[PDB]
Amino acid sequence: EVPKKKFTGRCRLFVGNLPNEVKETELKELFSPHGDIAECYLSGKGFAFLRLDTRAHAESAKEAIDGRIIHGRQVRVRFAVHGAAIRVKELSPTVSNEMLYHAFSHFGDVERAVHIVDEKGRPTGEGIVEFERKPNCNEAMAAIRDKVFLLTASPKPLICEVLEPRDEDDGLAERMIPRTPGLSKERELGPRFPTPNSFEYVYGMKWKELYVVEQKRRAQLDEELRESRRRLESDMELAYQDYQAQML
C-alpha cells in the first residue's frame, strides 16, 4: 500500500569546504558510486547540498567522502538537519505504519511514518512521522498538541513532540572535549573496581544505593499512573457500553 520514498530529507547531505571549481557534474561524479543523486545545490560559497536515493546510500557516501582531499581542500560530508520530524506517542497497538501515514498525510506530504516495535515485534505505542516540508510538520504538531486528535473509535488522543535527533553514530570524540586542568585530574585514575580499604568505595556504594532508590521510585510512580489509567479505561468502557445501549 505505501511505497518506499526516495531522496527524502533523511537522504540529504551537507558538504563543507568544497572548492568552487567543483561543478554539479563533478559533485554527481564524486557521489555517484554510492547511489542515484537528485537535488544538487552548489552555493559557490564553499558549501553544497545533495540527496542520495536511500539513507543507506547517503551514509555510505558520507563515510567514504568525509575528510577527502578534493582539489587541495579537505571536505566535510555530514547529514543535513531534517527539521520536519515528529515523535508520536500514545499510539494504539493496532495503529499500523500505513494508518499513521495516511492520517498525517492530511497535514501535508509525509516521507515516512513508522510505528516502532520492540525485539519481540510488539508495538511500543511510540512512532516516527517525517514530512517533506517543515511548516506542514509544525501545523500537524501544533494542531494535535492544542486539540484532541483521535486515530480510531478510541477516545485516547495522540501526543506529538519534536523528534530531537540523537547522535549515536559520531557521539563524543576525545578531540571535541575542551582540555582543562580538572579534566587531567579526573584522568589520573582510570577504569577500576574500588576496594573496601579505599576511601572512594564508600562514596561509590552511596551512588549505587541512590540509583536503586531512583529506579524504585520511578517504578512506583509508573505503577500508580499505570493503575490510574486502568480505572479510567474501565469507567470509559462501562459508560460507552451504557451510551451505545441508549443509542439503539
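The first residue of the sequence shown is number 1, and the count goes up from there.
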When mean C-alpha B-factors in the record are compared for 10 to 18 and 224 to 232, the larger belongs to 224 to 232
Taking the deposited Cα B-factors and averaging over 160 to 168 and over 109 to 117, the higher mean is found in 160 to 168
Determine, from the deposited record, the chain-internal third of the Cα B-factor for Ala103: lowest, middle or highest. middle
Thinking about Cα B factors across the chain, which third does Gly127 belong to? lowest
Which third of the chain holds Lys62 when residues are ordered by C-alpha B factor: lowest, middle or highest? lowest
What third of its chain's C-alpha B-factors does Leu151 belong to: lowest, middle or highest? lowest
Looking at the temperature factor on the CA atom of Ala56, which third of the chain's modelled residues does it land in? lowest
